[PDB]
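Below is coords06.cif, holding mmCIF, N, CA, C and O atoms.
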```
data_structure
loop_
_atom_site.group_PDB
_atom_site.id
_atom_site.type_symbol
_atom_site.label_atom_id
_atom_site.label_comp_id
_atom_site.auth_asym_id
_atom_site.auth_seq_id
_atom_site.Cartn_x
_atom_site.Cartn_y
_atom_site.Cartn_z
ATOM 1 N N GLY A 45 0.628 4.336 -2.019
ATOM 2 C CA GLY A 45 -0.733 3.773 -2.143
ATOM 3 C C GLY A 45 -1.527 3.934 -0.861
ATOM 4 O O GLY A 45 -1.459 4.990 -0.253
ATOM 5 N N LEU A 46 -2.262 2.904 -0.431
ATOM 6 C CA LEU A 46 -3.191 2.957 0.721
ATOM 7 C C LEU A 46 -2.566 2.748 2.119
ATOM 8 O O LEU A 46 -3.271 2.745 3.130
ATOM 9 N N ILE A 47 -1.248 2.566 2.176
ATOM 10 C CA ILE A 47 -0.458 2.346 3.392
ATOM 11 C C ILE A 47 0.313 3.629 3.705
ATOM 12 O O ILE A 47 0.841 4.271 2.793
ATOM 13 N N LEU A 48 0.352 4.004 4.980
ATOM 14 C CA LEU A 48 1.054 5.169 5.506
ATOM 15 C C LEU A 48 2.586 4.993 5.436
ATOM 16 O O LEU A 48 3.077 3.861 5.432
ATOM 17 N N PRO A 49 3.361 6.095 5.489
ATOM 18 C CA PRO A 49 4.820 6.056 5.602
ATOM 19 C C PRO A 49 5.316 5.447 6.929
ATOM 20 O O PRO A 49 6.502 5.141 7.043
ATOM 21 N N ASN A 50 4.427 5.237 7.914
ATOM 22 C CA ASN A 50 4.712 4.504 9.158
ATOM 23 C C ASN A 50 4.220 3.030 9.162
ATOM 24 O O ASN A 50 4.217 2.396 10.218
ATOM 25 N N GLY A 51 3.760 2.490 8.020
ATOM 26 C CA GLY A 51 3.366 1.075 7.857
ATOM 27 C C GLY A 51 1.929 0.701 8.265
ATOM 28 O O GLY A 51 1.534 -0.445 8.056
ATOM 29 N N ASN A 52 1.158 1.640 8.837
ATOM 30 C CA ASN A 52 -0.267 1.471 9.146
ATOM 31 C C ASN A 52 -1.157 1.791 7.923
ATOM 32 O O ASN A 52 -0.652 2.180 6.873
ATOM 33 N N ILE A 53 -2.487 1.701 8.034
ATOM 34 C CA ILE A 53 -3.416 1.995 6.928
ATOM 35 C C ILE A 53 -3.909 3.463 6.934
ATOM 36 O O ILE A 53 -4.167 4.068 7.971
ATOM 37 N N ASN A 54 -4.020 4.051 5.740
ATOM 38 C CA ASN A 54 -4.236 5.482 5.499
ATOM 39 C C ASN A 54 -5.699 5.932 5.693
ATOM 40 O O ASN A 54 -6.378 6.336 4.742
ATOM 41 N N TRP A 55 -6.189 5.891 6.940
ATOM 42 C CA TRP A 55 -7.559 6.217 7.382
ATOM 43 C C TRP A 55 -7.985 7.704 7.225
ATOM 44 O O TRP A 55 -8.412 8.358 8.178
ATOM 45 N N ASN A 56 -7.904 8.250 6.008
ATOM 46 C CA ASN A 56 -8.427 9.589 5.683
ATOM 47 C C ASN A 56 -8.788 9.789 4.194
ATOM 48 O O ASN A 56 -9.598 10.657 3.876
ATOM 49 N N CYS A 57 -8.250 8.965 3.276
ATOM 50 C CA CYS A 57 -8.707 8.914 1.876
ATOM 51 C C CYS A 57 -10.217 8.562 1.836
ATOM 52 O O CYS A 57 -10.631 7.734 2.654
ATOM 53 N N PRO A 58 -11.022 9.120 0.907
ATOM 54 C CA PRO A 58 -12.485 9.056 0.947
ATOM 55 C C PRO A 58 -13.053 7.649 1.158
ATOM 56 O O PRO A 58 -13.647 7.398 2.199
ATOM 57 N N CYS A 59 -12.860 6.709 0.224
ATOM 58 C CA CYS A 59 -13.514 5.395 0.300
ATOM 59 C C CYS A 59 -13.015 4.527 1.475
ATOM 60 O O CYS A 59 -13.807 3.929 2.205
ATOM 61 N N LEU A 60 -11.689 4.445 1.648
ATOM 62 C CA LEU A 60 -11.039 3.583 2.644
ATOM 63 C C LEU A 60 -11.201 4.120 4.072
ATOM 64 O O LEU A 60 -11.504 3.340 4.971
ATOM 65 N N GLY A 61 -11.091 5.441 4.255
ATOM 66 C CA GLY A 61 -11.389 6.116 5.521
ATOM 67 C C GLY A 61 -12.889 6.130 5.805
ATOM 68 O O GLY A 61 -13.281 5.991 6.955
ATOM 69 N N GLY A 62 -13.734 6.230 4.775
ATOM 70 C CA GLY A 62 -15.195 6.256 4.905
ATOM 71 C C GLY A 62 -15.749 4.944 5.440
ATOM 72 O O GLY A 62 -16.573 4.956 6.348
ATOM 73 N N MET A 63 -15.261 3.801 4.942
ATOM 74 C CA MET A 63 -15.614 2.476 5.490
ATOM 75 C C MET A 63 -14.992 2.201 6.878
ATOM 76 O O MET A 63 -15.541 1.431 7.665
ATOM 77 N N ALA A 64 -13.889 2.874 7.214
ATOM 78 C CA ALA A 64 -13.317 2.894 8.565
ATOM 79 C C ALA A 64 -14.018 3.889 9.523
ATOM 80 O O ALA A 64 -13.706 3.919 10.713
ATOM 81 N N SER A 65 -14.949 4.697 9.015
ATOM 82 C CA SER A 65 -15.660 5.739 9.765
ATOM 83 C C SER A 65 -17.065 5.250 10.154
ATOM 84 O O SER A 65 -17.947 5.104 9.302
ATOM 85 N N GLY A 66 -17.265 4.982 11.453
ATOM 86 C CA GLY A 66 -18.483 4.402 12.043
ATOM 87 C C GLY A 66 -18.184 3.352 13.130
ATOM 88 O O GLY A 66 -17.019 2.986 13.309
ATOM 89 N N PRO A 67 -19.199 2.838 13.860
ATOM 90 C CA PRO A 67 -19.005 1.866 14.938
ATOM 91 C C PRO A 67 -18.465 0.538 14.397
ATOM 92 O O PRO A 67 -17.392 0.113 14.810
ATOM 93 N N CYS A 68 -19.115 -0.075 13.401
ATOM 94 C CA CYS A 68 -18.551 -1.245 12.702
ATOM 95 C C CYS A 68 -17.195 -0.947 12.028
ATOM 96 O O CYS A 68 -16.407 -1.868 11.812
ATOM 97 N N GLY A 69 -16.859 0.336 11.825
ATOM 98 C CA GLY A 69 -15.582 0.809 11.285
ATOM 99 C C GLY A 69 -14.374 0.328 12.087
ATOM 100 O O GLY A 69 -13.320 0.111 11.505
ATOM 101 N N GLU A 70 -14.492 0.084 13.397
ATOM 102 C CA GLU A 70 -13.377 -0.481 14.185
ATOM 103 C C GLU A 70 -13.071 -1.942 13.804
ATOM 104 O O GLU A 70 -11.918 -2.378 13.857
ATOM 105 N N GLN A 71 -14.095 -2.695 13.393
ATOM 106 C CA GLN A 71 -13.971 -4.079 12.954
ATOM 107 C C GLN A 71 -13.397 -4.095 11.536
ATOM 108 O O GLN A 71 -12.447 -4.820 11.268
ATOM 109 N N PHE A 72 -13.893 -3.215 10.657
ATOM 110 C CA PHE A 72 -13.310 -2.976 9.335
ATOM 111 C C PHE A 72 -11.813 -2.646 9.432
ATOM 112 O O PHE A 72 -10.992 -3.289 8.782
ATOM 113 N N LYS A 73 -11.433 -1.720 10.322
ATOM 114 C CA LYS A 73 -10.025 -1.364 10.563
ATOM 115 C C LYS A 73 -9.205 -2.555 11.082
ATOM 116 O O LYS A 73 -8.124 -2.811 10.560
ATOM 117 N N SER A 74 -9.725 -3.306 12.053
ATOM 118 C CA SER A 74 -9.111 -4.528 12.609
ATOM 119 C C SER A 74 -8.959 -5.662 11.574
ATOM 120 O O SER A 74 -7.932 -6.339 11.530
ATOM 121 N N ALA A 75 -9.944 -5.850 10.690
ATOM 122 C CA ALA A 75 -9.916 -6.831 9.607
ATOM 123 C C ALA A 75 -8.803 -6.508 8.597
ATOM 124 O O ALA A 75 -7.998 -7.375 8.238
ATOM 125 N N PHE A 76 -8.728 -5.239 8.178
ATOM 126 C CA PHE A 76 -7.750 -4.756 7.216
ATOM 127 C C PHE A 76 -6.331 -4.728 7.803
ATOM 128 O O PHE A 76 -5.404 -5.104 7.095
ATOM 129 N N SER A 77 -6.128 -4.291 9.051
ATOM 130 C CA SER A 77 -4.783 -4.266 9.655
ATOM 131 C C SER A 77 -4.258 -5.683 9.894
ATOM 132 O O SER A 77 -3.122 -5.965 9.516
ATOM 133 N N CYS A 78 -5.098 -6.604 10.389
ATOM 134 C CA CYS A 78 -4.753 -8.021 10.523
ATOM 135 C C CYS A 78 -4.336 -8.616 9.175
ATOM 136 O O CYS A 78 -3.278 -9.240 9.074
ATOM 137 N N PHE A 79 -5.137 -8.395 8.124
ATOM 138 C CA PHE A 79 -4.833 -8.897 6.787
ATOM 139 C C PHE A 79 -3.555 -8.269 6.209
ATOM 140 O O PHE A 79 -2.664 -8.998 5.786
ATOM 141 N N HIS A 80 -3.429 -6.941 6.220
ATOM 142 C CA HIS A 80 -2.254 -6.236 5.704
ATOM 143 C C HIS A 80 -0.954 -6.724 6.355
ATOM 144 O O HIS A 80 -0.032 -7.076 5.619
ATOM 145 N N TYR A 81 -0.893 -6.799 7.690
ATOM 146 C CA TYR A 81 0.329 -7.147 8.428
ATOM 147 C C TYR A 81 0.635 -8.656 8.326
ATOM 148 O O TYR A 81 1.763 -9.084 8.558
ATOM 149 N N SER A 82 -0.358 -9.468 7.958
ATOM 150 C CA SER A 82 -0.221 -10.915 7.714
ATOM 151 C C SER A 82 0.345 -11.254 6.315
ATOM 152 O O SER A 82 0.940 -12.324 6.156
ATOM 153 N N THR A 83 0.172 -10.352 5.324
ATOM 154 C CA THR A 83 0.727 -10.352 3.938
ATOM 155 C C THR A 83 0.504 -11.610 3.090
ATOM 156 O O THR A 83 0.975 -11.656 1.955
ATOM 157 N N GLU A 84 -0.239 -12.601 3.590
ATOM 158 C CA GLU A 84 -0.382 -13.977 3.069
ATOM 159 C C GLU A 84 -0.834 -14.190 1.601
ATOM 160 O O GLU A 84 -0.252 -15.053 0.957
ATOM 161 N N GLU A 85 -1.865 -13.485 1.109
ATOM 162 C CA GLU A 85 -2.499 -13.535 -0.239
ATOM 163 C C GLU A 85 -4.004 -13.223 -0.143
ATOM 164 O O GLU A 85 -4.441 -12.143 -0.559
ATOM 165 N N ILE A 86 -4.819 -14.175 0.334
ATOM 166 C CA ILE A 86 -6.286 -14.098 0.244
ATOM 167 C C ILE A 86 -6.788 -13.124 1.296
ATOM 168 O O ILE A 86 -6.485 -13.293 2.476
ATOM 169 N N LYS A 87 -7.611 -12.161 0.859
ATOM 170 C CA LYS A 87 -8.302 -11.171 1.702
ATOM 171 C C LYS A 87 -8.869 -11.825 2.998
ATOM 172 O O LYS A 87 -9.887 -12.512 2.980
ATOM 173 N N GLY A 88 -8.180 -11.597 4.125
ATOM 174 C CA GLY A 88 -8.580 -12.065 5.461
ATOM 175 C C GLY A 88 -8.230 -13.522 5.820
ATOM 176 O O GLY A 88 -8.772 -13.989 6.817
ATOM 177 N N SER A 89 -7.388 -14.230 5.051
ATOM 178 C CA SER A 89 -7.159 -15.690 5.165
ATOM 179 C C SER A 89 -7.045 -16.280 6.582
ATOM 180 O O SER A 89 -7.666 -17.314 6.825
ATOM 181 N N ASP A 90 -6.263 -15.673 7.491
ATOM 182 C CA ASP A 90 -6.101 -16.109 8.888
ATOM 183 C C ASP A 90 -6.732 -15.122 9.899
ATOM 184 O O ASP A 90 -6.619 -15.272 11.115
ATOM 185 N N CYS A 91 -7.452 -14.123 9.381
ATOM 186 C CA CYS A 91 -8.097 -13.027 10.121
ATOM 187 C C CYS A 91 -9.633 -13.125 10.145
ATOM 188 O O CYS A 91 -10.291 -12.202 10.628
ATOM 189 N N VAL A 92 -10.181 -14.225 9.618
ATOM 190 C CA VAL A 92 -11.604 -14.492 9.315
ATOM 191 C C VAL A 92 -12.597 -14.002 10.379
ATOM 192 O O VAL A 92 -13.631 -13.445 10.023
ATOM 193 N N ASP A 93 -12.287 -14.154 11.670
ATOM 194 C CA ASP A 93 -13.154 -13.730 12.784
ATOM 195 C C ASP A 93 -13.530 -12.236 12.716
ATOM 196 O O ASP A 93 -14.677 -11.887 12.993
ATOM 197 N N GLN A 94 -12.610 -11.370 12.273
ATOM 198 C CA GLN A 94 -12.857 -9.932 12.129
ATOM 199 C C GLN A 94 -13.724 -9.601 10.891
ATOM 200 O O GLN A 94 -14.457 -8.611 10.886
ATOM 201 N N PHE A 95 -13.671 -10.429 9.843
ATOM 202 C CA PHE A 95 -14.540 -10.313 8.665
ATOM 203 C C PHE A 95 -15.958 -10.844 8.944
ATOM 204 O O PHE A 95 -16.944 -10.230 8.536
ATOM 205 N N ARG A 96 -16.073 -11.927 9.724
ATOM 206 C CA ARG A 96 -17.345 -12.425 10.260
ATOM 207 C C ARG A 96 -17.981 -11.392 11.209
ATOM 208 O O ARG A 96 -19.156 -11.052 11.060
ATOM 209 N N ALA A 97 -17.177 -10.786 12.096
ATOM 210 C CA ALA A 97 -17.596 -9.684 12.967
ATOM 211 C C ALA A 97 -18.122 -8.475 12.166
ATOM 212 O O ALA A 97 -19.211 -7.981 12.457
ATOM 213 N N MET A 98 -17.376 -8.033 11.140
ATOM 214 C CA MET A 98 -17.794 -6.974 10.202
ATOM 215 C C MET A 98 -19.169 -7.283 9.584
ATOM 216 O O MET A 98 -20.031 -6.403 9.554
ATOM 217 N N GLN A 99 -19.395 -8.535 9.159
ATOM 218 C CA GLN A 99 -20.678 -8.988 8.622
ATOM 219 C C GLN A 99 -21.788 -8.907 9.673
ATOM 220 O O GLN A 99 -22.783 -8.243 9.393
ATOM 221 N N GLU A 100 -21.657 -9.529 10.856
ATOM 222 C CA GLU A 100 -22.759 -9.537 11.830
ATOM 223 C C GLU A 100 -23.110 -8.118 12.298
ATOM 224 O O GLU A 100 -24.283 -7.794 12.465
ATOM 225 N N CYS A 101 -22.106 -7.244 12.427
ATOM 226 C CA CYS A 101 -22.301 -5.839 12.779
ATOM 227 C C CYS A 101 -23.090 -5.094 11.694
ATOM 228 O O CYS A 101 -24.124 -4.479 11.968
ATOM 229 N N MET A 102 -22.618 -5.152 10.444
ATOM 230 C CA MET A 102 -23.146 -4.314 9.355
ATOM 231 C C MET A 102 -24.415 -4.884 8.711
ATOM 232 O O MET A 102 -25.189 -4.123 8.137
ATOM 233 N N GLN A 103 -24.699 -6.185 8.870
ATOM 234 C CA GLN A 103 -26.002 -6.749 8.498
ATOM 235 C C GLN A 103 -27.094 -6.369 9.517
ATOM 236 O O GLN A 103 -28.276 -6.392 9.171
ATOM 237 N N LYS A 104 -26.730 -5.988 10.749
ATOM 238 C CA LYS A 104 -27.658 -5.367 11.708
ATOM 239 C C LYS A 104 -27.709 -3.834 11.582
ATOM 240 O O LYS A 104 -28.758 -3.236 11.823
ATOM 241 N N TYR A 105 -26.595 -3.184 11.224
ATOM 242 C CA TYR A 105 -26.469 -1.723 11.075
ATOM 243 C C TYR A 105 -26.315 -1.271 9.589
ATOM 244 O O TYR A 105 -25.185 -1.139 9.113
ATOM 245 N N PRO A 106 -27.424 -1.008 8.855
ATOM 246 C CA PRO A 106 -27.397 -0.559 7.460
ATOM 247 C C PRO A 106 -27.012 0.927 7.329
ATOM 248 O O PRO A 106 -25.832 1.223 7.200
ATOM 249 N N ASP A 107 -27.977 1.860 7.331
ATOM 250 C CA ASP A 107 -27.769 3.294 7.019
ATOM 251 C C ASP A 107 -28.014 4.229 8.229
ATOM 252 O O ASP A 107 -28.043 5.456 8.077
ATOM 253 N N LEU A 108 -28.195 3.678 9.439
ATOM 254 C CA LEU A 108 -28.490 4.464 10.650
ATOM 255 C C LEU A 108 -27.326 5.346 11.136
ATOM 256 O O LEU A 108 -27.549 6.176 12.015
ATOM 257 N N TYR A 109 -26.127 5.206 10.555
ATOM 258 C CA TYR A 109 -24.964 6.090 10.764
ATOM 259 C C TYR A 109 -25.259 7.569 10.484
ATOM 260 O O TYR A 109 -26.163 7.868 9.661
#
```
Can you dump the structure from the file as structure tokens?
Amino acid sequence: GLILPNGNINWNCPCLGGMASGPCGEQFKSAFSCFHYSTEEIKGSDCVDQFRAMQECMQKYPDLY
């Protein structure tokens, strides 16, 4: 699926790599890696600061990429 054979996230498939591609893309990558390695259940449950960061970044940066 979306996880590499080395346990990291597969940053080259179109949609998942595309949202990881850009300046706010580092926060998207940090939000997803924190959530994936935490395995808890709810999308971002103990990683919330990186999802809030993704929001403040991308609500200022729309299509200028």
Range 76-100 of chain A near range 47-66 of chain A within 10 Å: what's each residue's closest atom pair and its distance in Å to one decimal, counting only C-alpha atoms, ordered by chain then ascending residue number, as JSON lines?
```
{"residue": "A:76", "atom": "CA", "partner": "A:53", "partner_atom": "CA", "distance": 8.0}
{"residue": "A:77", "atom": "CA", "partner": "A:53", "partner_atom": "CA", "distance": 7.0}
{"residue": "A:80", "atom": "CA", "partner": "A:53", "partner_atom": "CA", "distance": 8.4}
{"residue": "A:81", "atom": "CA", "partner": "A:52", "partner_atom": "CA", "distance": 8.7}
```
Between atom C of residue 68 in chain A and atom O of residue 95 in chain A lies a distance of 9.9 Å
inquiry  = What's around residue 71 in chain A at 7 Å? Count only C-alpha atoms, leave out sequence neighbours fewer than 3 positions away in its own chain, and write the answer as JSON, numbers by chain.
reply    = {"A": [68, 74, 75, 94, 97, 98]}
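When atom C of residue 69 in chain A is paired with CA of residue 85 in chain A, their separation reads 22.0 Å.
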Sel. of alpha helix (DSSP H) residues, chain A, as a PDB file with N, CA, C and O atoms, keeping the file's coordinate frame:
```pdb
ATOM      1  N   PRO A  58     -11.022   9.120   0.907  1.00  0.00           N
ATOM      2  CA  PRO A  58     -12.485   9.056   0.947  1.00  0.00           C
ATOM      3  C   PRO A  58     -13.053   7.649   1.158  1.00  0.00           C
ATOM      4  O   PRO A  58     -13.647   7.398   2.199  1.00  0.00           O
ATOM      5  N   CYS A  59     -12.860   6.709   0.224  1.00  0.00           N
ATOM      6  CA  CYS A  59     -13.514   5.395   0.300  1.00  0.00           C
ATOM      7  C   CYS A  59     -13.015   4.527   1.475  1.00  0.00           C
ATOM      8  O   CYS A  59     -13.807   3.929   2.205  1.00  0.00           O
ATOM      9  N   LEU A  60     -11.689   4.445   1.648  1.00  0.00           N
ATOM     10  CA  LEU A  60     -11.039   3.583   2.644  1.00  0.00           C
ATOM     11  C   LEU A  60     -11.201   4.120   4.072  1.00  0.00           C
ATOM     12  O   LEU A  60     -11.504   3.340   4.971  1.00  0.00           O
ATOM     13  N   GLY A  61     -11.091   5.441   4.255  1.00  0.00           N
ATOM     14  CA  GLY A  61     -11.389   6.116   5.521  1.00  0.00           C
ATOM     15  C   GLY A  61     -12.889   6.130   5.805  1.00  0.00           C
ATOM     16  O   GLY A  61     -13.281   5.991   6.955  1.00  0.00           O
ATOM     17  N   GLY A  62     -13.734   6.230   4.775  1.00  0.00           N
ATOM     18  CA  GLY A  62     -15.195   6.256   4.905  1.00  0.00           C
ATOM     19  C   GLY A  62     -15.749   4.944   5.440  1.00  0.00           C
ATOM     20  O   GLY A  62     -16.573   4.956   6.348  1.00  0.00           O
ATOM     21  N   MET A  63     -15.261   3.801   4.942  1.00  0.00           N
ATOM     22  CA  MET A  63     -15.614   2.476   5.490  1.00  0.00           C
ATOM     23  C   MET A  63     -14.992   2.201   6.878  1.00  0.00           C
ATOM     24  O   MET A  63     -15.541   1.431   7.665  1.00  0.00           O
ATOM     25  N   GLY A  69     -16.859   0.336  11.825  1.00  0.00           N
ATOM     26  CA  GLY A  69     -15.582   0.809  11.285  1.00  0.00           C
ATOM     27  C   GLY A  69     -14.374   0.328  12.087  1.00  0.00           C
ATOM     28  O   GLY A  69     -13.320   0.111  11.505  1.00  0.00           O
ATOM     29  N   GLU A  70     -14.492   0.084  13.397  1.00  0.00           N
ATOM     30  CA  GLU A  70     -13.377  -0.481  14.185  1.00  0.00           C
ATOM     31  C   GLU A  70     -13.071  -1.942  13.804  1.00  0.00           C
ATOM     32  O   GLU A  70     -11.918  -2.378  13.857  1.00  0.00           O
ATOM     33  N   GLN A  71     -14.095  -2.695  13.393  1.00  0.00           N
ATOM     34  CA  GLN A  71     -13.971  -4.079  12.954  1.00  0.00           C
ATOM     35  C   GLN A  71     -13.397  -4.095  11.536  1.00  0.00           C
ATOM     36  O   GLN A  71     -12.447  -4.820  11.268  1.00  0.00           O
ATOM     37  N   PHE A  72     -13.893  -3.215  10.657  1.00  0.00           N
ATOM     38  CA  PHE A  72     -13.310  -2.976   9.335  1.00  0.00           C
ATOM     39  C   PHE A  72     -11.813  -2.646   9.432  1.00  0.00           C
ATOM     40  O   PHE A  72     -10.992  -3.289   8.782  1.00  0.00           O
ATOM     41  N   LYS A  73     -11.433  -1.720  10.322  1.00  0.00           N
ATOM     42  CA  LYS A  73     -10.025  -1.364  10.563  1.00  0.00           C
ATOM     43  C   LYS A  73      -9.205  -2.555  11.082  1.00  0.00           C
ATOM     44  O   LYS A  73      -8.124  -2.811  10.560  1.00  0.00           O
ATOM     45  N   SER A  74      -9.725  -3.306  12.053  1.00  0.00           N
ATOM     46  CA  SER A  74      -9.111  -4.528  12.609  1.00  0.00           C
ATOM     47  C   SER A  74      -8.959  -5.662  11.574  1.00  0.00           C
ATOM     48  O   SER A  74      -7.932  -6.339  11.530  1.00  0.00           O
ATOM     49  N   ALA A  75      -9.944  -5.850  10.690  1.00  0.00           N
ATOM     50  CA  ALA A  75      -9.916  -6.831   9.607  1.00  0.00           C
ATOM     51  C   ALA A  75      -8.803  -6.508   8.597  1.00  0.00           C
ATOM     52  O   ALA A  75      -7.998  -7.375   8.238  1.00  0.00           O
ATOM     53  N   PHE A  76      -8.728  -5.239   8.178  1.00  0.00           N
ATOM     54  CA  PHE A  76      -7.750  -4.756   7.216  1.00  0.00           C
ATOM     55  C   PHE A  76      -6.331  -4.728   7.803  1.00  0.00           C
ATOM     56  O   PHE A  76      -5.404  -5.104   7.095  1.00  0.00           O
ATOM     57  N   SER A  77      -6.128  -4.291   9.051  1.00  0.00           N
ATOM     58  CA  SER A  77      -4.783  -4.266   9.655  1.00  0.00           C
ATOM     59  C   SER A  77      -4.258  -5.683   9.894  1.00  0.00           C
ATOM     60  O   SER A  77      -3.122  -5.965   9.516  1.00  0.00           O
ATOM     61  N   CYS A  78      -5.098  -6.604  10.389  1.00  0.00           N
ATOM     62  CA  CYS A  78      -4.753  -8.021  10.523  1.00  0.00           C
ATOM     63  C   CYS A  78      -4.336  -8.616   9.175  1.00  0.00           C
ATOM     64  O   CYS A  78      -3.278  -9.240   9.074  1.00  0.00           O
ATOM     65  N   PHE A  79      -5.137  -8.395   8.124  1.00  0.00           N
ATOM     66  CA  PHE A  79      -4.833  -8.897   6.787  1.00  0.00           C
ATOM     67  C   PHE A  79      -3.555  -8.269   6.209  1.00  0.00           C
ATOM     68  O   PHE A  79      -2.664  -8.998   5.786  1.00  0.00           O
ATOM     69  N   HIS A  80      -3.429  -6.941   6.220  1.00  0.00           N
ATOM     70  CA  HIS A  80      -2.254  -6.236   5.704  1.00  0.00           C
ATOM     71  C   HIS A  80      -0.954  -6.724   6.355  1.00  0.00           C
ATOM     72  O   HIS A  80      -0.032  -7.076   5.619  1.00  0.00           O
ATOM     73  N   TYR A  81      -0.893  -6.799   7.690  1.00  0.00           N
ATOM     74  CA  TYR A  81       0.329  -7.147   8.428  1.00  0.00           C
ATOM     75  C   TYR A  81       0.635  -8.656   8.326  1.00  0.00           C
ATOM     76  O   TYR A  81       1.763  -9.084   8.558  1.00  0.00           O
ATOM     77  N   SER A  82      -0.358  -9.468   7.958  1.00  0.00           N
ATOM     78  CA  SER A  82      -0.221 -10.915   7.714  1.00  0.00           C
ATOM     79  C   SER A  82       0.345 -11.254   6.315  1.00  0.00           C
ATOM     80  O   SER A  82       0.940 -12.324   6.156  1.00  0.00           O
ATOM     81  N   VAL A  92     -10.181 -14.225   9.618  1.00  0.00           N
ATOM     82  CA  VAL A  92     -11.604 -14.492   9.315  1.00  0.00           C
ATOM     83  C   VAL A  92     -12.597 -14.002  10.379  1.00  0.00           C
ATOM     84  O   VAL A  92     -13.631 -13.445  10.023  1.00  0.00           O
ATOM     85  N   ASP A  93     -12.287 -14.154  11.670  1.00  0.00           N
ATOM     86  CA  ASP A  93     -13.154 -13.730  12.784  1.00  0.00           C
ATOM     87  C   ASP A  93     -13.530 -12.236  12.716  1.00  0.00           C
ATOM     88  O   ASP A  93     -14.677 -11.887  12.993  1.00  0.00           O
ATOM     89  N   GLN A  94     -12.610 -11.370  12.273  1.00  0.00           N
ATOM     90  CA  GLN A  94     -12.857  -9.932  12.129  1.00  0.00           C
ATOM     91  C   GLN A  94     -13.724  -9.601  10.891  1.00  0.00           C
ATOM     92  O   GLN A  94     -14.457  -8.611  10.886  1.00  0.00           O
ATOM     93  N   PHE A  95     -13.671 -10.429   9.843  1.00  0.00           N
ATOM     94  CA  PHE A  95     -14.540 -10.313   8.665  1.00  0.00           C
ATOM     95  C   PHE A  95     -15.958 -10.844   8.944  1.00  0.00           C
ATOM     96  O   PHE A  95     -16.944 -10.230   8.536  1.00  0.00           O
ATOM     97  N   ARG A  96     -16.073 -11.927   9.724  1.00  0.00           N
ATOM     98  CA  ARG A  96     -17.345 -12.425  10.260  1.00  0.00           C
ATOM     99  C   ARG A  96     -17.981 -11.392  11.209  1.00  0.00           C
ATOM    100  O   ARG A  96     -19.156 -11.052  11.060  1.00  0.00           O
ATOM    101  N   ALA A  97     -17.177 -10.786  12.096  1.00  0.00           N
ATOM    102  CA  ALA A  97     -17.596  -9.684  12.967  1.00  0.00           C
ATOM    103  C   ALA A  97     -18.122  -8.475  12.166  1.00  0.00           C
ATOM    104  O   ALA A  97     -19.211  -7.981  12.457  1.00  0.00           O
ATOM    105  N   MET A  98     -17.376  -8.033  11.140  1.00  0.00           N
ATOM    106  CA  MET A  98     -17.794  -6.974  10.202  1.00  0.00           C
ATOM    107  C   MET A  98     -19.169  -7.283   9.584  1.00  0.00           C
ATOM    108  O   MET A  98     -20.031  -6.403   9.554  1.00  0.00           O
ATOM    109  N   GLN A  99     -19.395  -8.535   9.159  1.00  0.00           N
ATOM    110  CA  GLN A  99     -20.678  -8.988   8.622  1.00  0.00           C
ATOM    111  C   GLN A  99     -21.788  -8.907   9.673  1.00  0.00           C
ATOM    112  O   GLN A  99     -22.783  -8.243   9.393  1.00  0.00           O
ATOM    113  N   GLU A 100     -21.657  -9.529  10.856  1.00  0.00           N
ATOM    114  CA  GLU A 100     -22.759  -9.537  11.830  1.00  0.00           C
ATOM    115  C   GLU A 100     -23.110  -8.118  12.298  1.00  0.00           C
ATOM    116  O   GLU A 100     -24.283  -7.794  12.465  1.00  0.00           O
ATOM    117  N   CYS A 101     -22.106  -7.244  12.427  1.00  0.00           N
ATOM    118  CA  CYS A 101     -22.301  -5.839  12.779  1.00  0.00           C
ATOM    119  C   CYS A 101     -23.090  -5.094  11.694  1.00  0.00           C
ATOM    120  O   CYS A 101     -24.124  -4.479  11.968  1.00  0.00           O
ATOM    121  N   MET A 102     -22.618  -5.152  10.444  1.00  0.00           N
ATOM    122  CA  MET A 102     -23.146  -4.314   9.355  1.00  0.00           C
ATOM    123  C   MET A 102     -24.415  -4.884   8.711  1.00  0.00           C
ATOM    124  O   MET A 102     -25.189  -4.123   8.137  1.00  0.00           O
ATOM    125  N   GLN A 103     -24.699  -6.185   8.870  1.00  0.00           N
ATOM    126  CA  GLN A 103     -26.002  -6.749   8.498  1.00  0.00           C
ATOM    127  C   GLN A 103     -27.094  -6.369   9.517  1.00  0.00           C
ATOM    128  O   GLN A 103     -28.276  -6.392   9.171  1.00  0.00           O
ATOM    129  N   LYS A 104     -26.730  -5.988  10.749  1.00  0.00           N
ATOM    130  CA  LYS A 104     -27.658  -5.367  11.708  1.00  0.00           C
ATOM    131  C   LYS A 104     -27.709  -3.834  11.582  1.00  0.00           C
ATOM    132  O   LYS A 104     -28.758  -3.236  11.823  1.00  0.00           O
TER     133      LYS A 104
END
```
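Relative to atom N of residue 103 in chain A, atom N of residue 67 in chain A is found at 11.7 Å.
Minimum atom-to-atom distance to residue 100 in chain A, evaluated using only C-alpha atoms, belongs to A:72 out of A:87, A:72, A:46, A:82.
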